[PDB]
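Notes for the one structure printed next.
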Amino acid sequence: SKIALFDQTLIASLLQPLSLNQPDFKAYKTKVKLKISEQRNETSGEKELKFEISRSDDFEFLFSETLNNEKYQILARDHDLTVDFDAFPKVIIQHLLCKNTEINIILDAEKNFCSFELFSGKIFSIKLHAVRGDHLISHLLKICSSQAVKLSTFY
Amino acid sequence: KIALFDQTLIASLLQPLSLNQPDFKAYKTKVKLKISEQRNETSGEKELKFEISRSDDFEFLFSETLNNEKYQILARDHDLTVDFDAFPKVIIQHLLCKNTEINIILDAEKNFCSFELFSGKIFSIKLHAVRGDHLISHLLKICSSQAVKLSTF
């Protein structure tokens, strides 16, 4: 079973490099929908935590990352997070629901990855990968279907 | 990639209903056929892509791309005397004819479908289920075109 712990649209400053041997960047604030869900791994009952970001203005924009205890222990040490893996979603959801929080998404040069941060790299940083294949096919199919609903209601 | 055909045809869609019995749920529908002339990315060899899509079904996507080698098997089966280069000229003409019967026989698992003229006899290509990046783009076109429609309204 996969339980959603967060599903709100946040304001994020979206940074992306554009050149080699020149510091040109594509910077702009945007509405990024963040989805934090709790799941258990199908192979071992081990608790997981999936992070997923999507843009409503960019259908192709899909980046996710799923944490396990092992994966989180590397993260915690790096950003000097004192909390354990179970009490960490409680901490971040609270940190996120705060209007004063700065969500900066630093995108990959080839938009293959994205560093989702809080305030700056040093404060907090998850590296989400590019979602493709069947997981993007479904996400794209949800949009088409939800927009098919919107155009039907349109009278 | 040069498009040689891009019209919406009326096709009788035969959907299977049984296993070990040829019972079908038949209904006419609007199937957009696109025949394009391309060249293989590995070797400059000329290729001919057949692609069917439904406007009423976003997931409905089937393609099949012919090369000379692949066409030589097809030509023998349907006793087509024509060469690979002179064959698109022949089918486009066959298709533009109002009298032609376009029947698409669907796969029980919706993985393939035999696109045929009248029955299999004249012309019958077996198209596979289009997935991956080719469906991603096709789905991205719909989202984008529907994003335009919802902006205007």
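By convention in this document, the chains of the structure tokens carry letters A, B, ... by their order, each chain's residues are numbered from 1, and ligands are numbered from 1 in the order they are shown.
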
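Applying a distance limit of 8 Å to only C-alpha atoms, the residues of chain A near chain B read residues 59, 60, 133, 134, 136, 137, 140, 141, 143, 144, 147, 150 and 151 of chain A.
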
Item checked: Nearby residues (only C-alpha atoms) at most 12 Å from residue 98 in chain B, same-chain spacing under 6 positions excluded, as a PyMOL selection string -> chain B and resi 9-10+92+117

Check: Got a sec: who's within 12 Å of residue 22 in chain B, counting only C-alpha atoms, leaving out chain neighbours fewer than 3 positions off, as a list in words?
Finding: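 Listing them by chain and then by number gives residues 14, 15, 16, 17, 18, 19, 25, 26, 105, 106, 107 and 108 of chain B.
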
Check: Given the choices A:18, A:98, A:83, A:131, which gets closest to residue 51 in chain A if the distance is worked out from only C-alpha atoms?
Finding: A:131
